[PDB]
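sharing the initial chains of the complex here, in place:
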Amino acid sequence: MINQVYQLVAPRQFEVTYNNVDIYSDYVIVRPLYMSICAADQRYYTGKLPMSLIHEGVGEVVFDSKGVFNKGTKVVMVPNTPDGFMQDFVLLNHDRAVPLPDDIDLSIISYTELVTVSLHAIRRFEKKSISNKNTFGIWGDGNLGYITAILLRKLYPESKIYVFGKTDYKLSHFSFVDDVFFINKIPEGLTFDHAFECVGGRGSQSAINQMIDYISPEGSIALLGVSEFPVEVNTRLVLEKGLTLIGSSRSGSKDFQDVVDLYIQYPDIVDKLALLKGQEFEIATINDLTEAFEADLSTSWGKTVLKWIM
């Protein structure tokens, strides 16, 4: 069987290559159905030169030679922890494909990787150490901040949550949060014992510095924002306050299974996650990809989803 792989050959330039696919291999052959563009894929799109791009998606099983998943089973695809999804067929190990419930909105299950990242970070805090009596802080009014707020509220129901961001636009989407602040306007006496840093790039430095100042002593901080650079950190205060800083990144197949199991538990999560769904595009040519990527560039809030009909 022949597989068409849609690779990025140059910034703002896609081209199709071919490779052979063994139906009777120990993998599970999957056709991607919906996928979502990620910031990391946008870095490459604009600026290992030939490669496939998307790595968050869900699809249907068209073949499973080992006979584990029946044909047509809708499954969320886990990528490799250290080749993308823009192709006619994706081959996964049987532990790298998580079955979904029979009826579910796939267009928003596409960005389940962000939820796994968020849930992984949350589980970095010992579950036995955190109750509904703690108080959480979240820097970042974007997708990670939103998903993290959702997860904390659903699974720490009686807890208190504060969100710190930069724009009224993005912060209005946080209604289930106990209170919402600007980084420009933080009141004195505000306190919390656990905090999540969901801001990237150069802004992560400012985020980290603020949560160092405002966090309660002996508090813990989970880092999520990628800097791809060094950031100045005030270590004197981490010492004086006894702060524990935990960095957490790539998630595991367990995080995907747990997130799926949570979709089953609180379908409220799927409905709240829908508010992250920005613009959607049906992809049937290459032109549809260039247009879709230009749109995710111009996108203010939320994720861009692609409907794979190649």
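In hand now; what should we look at? Numbering: from 1, shown residues only, chains lettered A, B, ... in the order given.

which helix or strand contains the residue nearest the centre of chain A?
The centre of chain A sits closest to residue A:114, judged by CA atoms, centre = their mean, with a distance of 1.3 Å. Element membership for residue A:114 (DSSP states H and E) is helix A:112-124.

the stretch 51-200 of chain A: helices as residue ranges?
For the stretch 51-200 of chain A, the helices identified by DSSP state H, counting those that start in this stretch occupy A:106-109, A:112-124, A:143-155, A:168-171, in order along the chain.

which among those helices is found nearest to residue A:7?
Comparing those against residue A:7 with CB to CB, the closest turns out to be helix A:112-124 (20.5 Å). C-betas here are computed from N, CA, C, even on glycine.

okay, the closest one in CSV with CA atoms only?
What follows is the C-alpha trace of helix A:112-124 in CSV, where atoms were taken according to Å, rounded to 0.1, in the frame of the first residue of the first chain:
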residue,chain,number,x,y,z
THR,A,112,-6.1,16.4,23.6
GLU,A,113,-2.3,16.7,23.8
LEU,A,114,-2.7,20.1,25.5
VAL,A,115,-4.9,18.4,28.0
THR,A,116,-2.4,15.7,28.6
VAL,A,117,0.3,18.3,29.2
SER,A,118,-1.9,20.1,31.7
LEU,A,119,-2.9,16.9,33.5
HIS,A,120,0.7,15.8,33.6
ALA,A,121,1.7,19.0,35.3
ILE,A,122,-1.2,18.8,37.8
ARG,A,123,-0.2,15.2,38.7
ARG,A,124,3.4,16.5,39.3
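
what comes into contact with it?
Contacts of helix A:112-124 with the rest of the structure, by CB atoms under 8 Å, 6 or more residues apart in numbering, involve A:38, A:55-56, A:58, A:76, A:79, A:143-144, A:147-148, A:151-152, A:155, A:196, A:198, A:222, A:224, A:246, A:248-249, A:251-252, A:255-256, A:258-260, A:262, A:269, A:273, A:303.

report the buried members of these.
The neighbour count (16 or more other CB atoms under 10 Å) marks A:38, A:55-56, A:58, A:76, A:79, A:143-144, A:147-148, A:151-152, A:155, A:196, A:198, A:222, A:224, A:248, A:251, A:255-256, A:258-260, A:262, A:269, A:273, A:303 as buried among those.

report the distance from the helix or strand that contains residue A:208 to the chain centre.
Using DSSP H and E, the secondary-structure element containing residue A:208 is helix A:203-214. When distances are taken as CA atoms, centre = their mean, to the nearest Å, helix A:203-214 is centred 22 Å away from the chain's centroid.

quick one on the thing from earlier: what's the closest of the helices of the stretch 51-200 of chain A to residue A:135?
Of those, nearest to residue A:135 by CB to CB is helix A:143-155, at 10.5 Å.

so how far is the closest one off the chain centroid?
In terms of CA atoms, centre = their mean, the centre of helix A:143-155 is found 11 Å from the chain centre.

further, place chain B onto the existing structure:
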Amino acid sequence: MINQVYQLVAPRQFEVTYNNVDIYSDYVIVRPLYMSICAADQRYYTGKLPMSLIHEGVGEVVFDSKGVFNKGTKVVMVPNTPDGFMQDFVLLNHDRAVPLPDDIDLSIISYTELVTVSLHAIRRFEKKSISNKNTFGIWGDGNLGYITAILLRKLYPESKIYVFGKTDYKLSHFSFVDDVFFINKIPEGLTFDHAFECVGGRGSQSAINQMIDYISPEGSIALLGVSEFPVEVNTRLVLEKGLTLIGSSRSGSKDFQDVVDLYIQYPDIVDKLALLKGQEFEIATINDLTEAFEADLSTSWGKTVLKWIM
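Placed with the earlier chains, chain B looks like this:
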């Protein structure tokens, strides 16, 4: 009763003031016997202008109106967690003075605060999480690095310890360590799961960056070096590796009691700590203080101890 307080009134300038002391107060009146100059006191000596300086010391109880400690009991003095010891009498709460065994070298028990700092840092790692099967790294071939190596070896006997420093002079004092390295010459494939950052100032940044690189994934790092400044930190790697960074500073009275209880357990500690004892000075005038402080400035390795005979 009249107390003479020897304060620093100007950089390189001491002067004596007076204040009244109530023998019959709820405190315990203590005459300091031996004390040791600390880097923090040297910052002020050279460059809250009027204040007393030394904060690590041991002395004898001359009065205890509440009747808890008998007169002459030799006790290690705990300072206040957020006024110094260069005075004829020091008043402590009954929980701020730890009794010592009857026969012990006081000239080296003077710098028990460094041991409490080190032990506090070690206990930041959950004791149930660390066995004699772990492998420790220590940046810094100075006093904190030496004390930390001592404590780890005594209480994690079958564990492995590596020390990283800058000078052959200081690193030769580490013989009980499994192996000793330069920061200039670190071999590939070197690995460890828990690490201690015992370097201060601008050098802490380099230390932190190195232990970020070489530490095993999911490893923990205890920060001890004070920077009094920001330091660039590579957060991308803390994320990719899942590193947990714990800052730990001022110790508690529990740390002093535990350190004392350890002196009782392994008197080997007191003998190894003696190798830190640099130059000793009998202080009977102000001139003896200026000379002593100039000497702790010129000191390469170890602590400077003062014999209080004012």
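
back to the contacts of helix A:112-124, now that we've got chain B?
By CB atoms under 8 Å, 6 or more residues apart in numbering or on different chains, the list of residues contacting helix A:112-124 from outside reads A:38, A:55-56, A:58, A:76, A:79, A:143-144, A:147-148, A:151-152, A:155, A:196, A:198, A:222, A:224, A:246, A:248-249, A:251-252, A:255-256, A:258-260, A:262, A:269, A:273, A:303, B:242.

got it, and stretch A:41-52?
Judged by CB under 8 Å, 6+ apart, the contacts made with stretch A:41-52 from elsewhere in the structure are A:5-12, A:17, A:53-55, A:83-87, A:293, A:296-297.

what do you get if the cut-off is 6 Å, keeping everything else the same?
Applying CB atoms under 6 Å, 6 or more residues apart in numbering or on different chains, the contact partners of stretch A:41-52 are A:5, A:7, A:9, A:11, A:53-54, A:83-84, A:86, A:293.

got it, and stretch A:159-169?
Stretch A:159-169 is touched from outside by A:132, A:134-139, A:141, A:149, A:152, A:171, A:174, A:177-181, A:183, with contacts defined as CB under 6 Å, 6+ apart.

circling back: after the helix holding residue A:208, next one along is what?
If you walk from helix A:203-214 toward the C-terminus, the next helix or strand you reach (DSSP H and E) is strand A:220-223.

neighbouring strands for that next one, and are they parallel or not?
strand A:194-197 (parallel), strand A:244-247 (parallel) (DSSP bridges).

generate a markdown table for those strands, with distance to residue A:125 as supplementary columns.
Compiled in a markdown table, the strands paired with strand A:220-223 are given as follows (distance: least, CB to CB, whole Å):
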| stretch | distance to residue A:125 |
| --- | --- |
| strand A:194-197 | 6 |
| strand A:244-247 | 8 |
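
contact residues of chain A facing chain B?
Near chain B, the residues belonging to chain A are A:223, A:227-228, A:230-236, A:238-240, A:242-249 when assessed by CB under 6 Å from any CB of the partner chain.

give me the subset of those residues lying in helices.
A:235-236, A:238-240 (DSSP state H).

between the residues you listed, which is nearest residue A:101?
Ranking those by separation from residue A:101, with CB to CB as the measure, puts residue A:238 on top at 43.3 Å.

thinking again about what came up before, name the residues of the helix holding residue A:208 that come out as buried.
A:203-205, A:207-212, A:214 (16 or more other CB atoms under 10 Å in any protein chain shown).

now tabulate those in a markdown table and tack on distance to residue A:104.
Listed next are the buried residues of helix A:203-214 as a markdown table, based on distance: CB to CB, whole Å:
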| residue | distance to residue A:104 |
| --- | --- |
| A:203 | 34 |
| A:204 | 33 |
| A:205 | 39 |
| A:207 | 33 |
| A:208 | 36 |
| A:209 | 41 |
| A:210 | 38 |
| A:211 | 35 |
| A:212 | 40 |
| A:214 | 39 |
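
looking at chain A, which residue reaches furthest from the middle?
residue A:240 (33.4 Å).

nearest residue to that residue in space, ignoring adjacent ones along the chain?
Nearest residue to residue A:240, sequence neighbours excluded (CB to CB, 6 or more residues apart in numbering or on different chains): residue B:249, at 5.4 Å.

what's the burial count for the one you found?
The number of residues packed around residue B:249, counting by other CB atoms under 10 Å in any protein chain shown, is 18.
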